[PDB]
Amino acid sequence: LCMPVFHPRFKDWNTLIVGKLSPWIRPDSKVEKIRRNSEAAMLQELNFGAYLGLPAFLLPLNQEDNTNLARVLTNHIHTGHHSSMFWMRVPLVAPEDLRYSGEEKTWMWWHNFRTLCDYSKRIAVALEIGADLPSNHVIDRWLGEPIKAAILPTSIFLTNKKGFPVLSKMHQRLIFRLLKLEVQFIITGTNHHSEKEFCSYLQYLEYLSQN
C-alpha cells in the first residue's frame, strides 16, 4: 500500500507515488521473532515496490538503533532490483521527548544510519514536522543533510479568521526554508477531510512560496 507525494511545479502542483513499509514491521524489535518476521516482510515489500517502478520508498526510523534496518536495505540494494531511492522518515523532534543527546538526537539517528549505509546516494531523508520546533543550530544541521521531502500533519495548521488552514509564524519560517530546497510534500491526517478541504492545504503552501 502506497502514498501520494506532491511536488510543487513552481520554480500548479504535481503528484507522484512512493511506497510505504507496513507499520507492524520492526526489524530492530527487542524480540527475536519479530526481527525475523520483519526482516522477511521488509524484503517482500521492497521488491514489490521495485517491481512497480515506484520512484522512492519510505522507510521509518524512530529509534537510536537501526543496524538490522540498515543491513536488509544494503542487501536489497546489492541485488540490483531497487526503487533506486529510499526516503528515511525521521521526526525533527522526538515524540517521546514531548511527553549530543538533546534536540540533536533525531539528527544523530539519521547520521548514524547514514554512515551505516556508507553515505549512499540512494538514501535521503523525509523529515516529519511537529508542533514543537528545535533551535536554529539544530535546524542548520539538518539542512546540510539530503532532505527530499517534508511531512506535514494537518494538525499543525492553525485556522485563521476566515476559517482556513494556515501555518504558525514559526512554522512558516521553517517551511519557506524547505521550499528553497524544492522538496516534495506529504500531508498526513487527510482522514475525515473532504477533498475540497484537503485542497486548501496545498493552496496555502503555494501561496507561502511568495512571502
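All residue numbers are counted from 1 along the displayed sequence.
According to the record, 10 or more deposited residues between residue 11 and residue 12 are left without atomic coordinates. Per the PDB record, of the two stretches 29-37 and 59-67, 29-37 carries the greater mean B-factor over its C-alpha atoms. When the two stretches 46-54 and 177-185 are set side by side, the higher mean Cα temperature factor goes to 177-185. The entry lists a Cα temperature factor for residue 208 that places it in the middle third of the chain's modelled residues.
Among the modelled residues of its chain, residue 131 has a C-alpha B-factor that falls in the lowest third according to the deposited record. Among the modelled residues of the chain, residue 107 sits in the middle third by CA temperature factor in this PDB entry. Sort the modelled residues of the chain by CA B factor and residue 74 lands in the lowest third. Among the modelled residues of its chain, residue 85 has a C-alpha B-factor that falls in the middle third, as given in the PDB entry.
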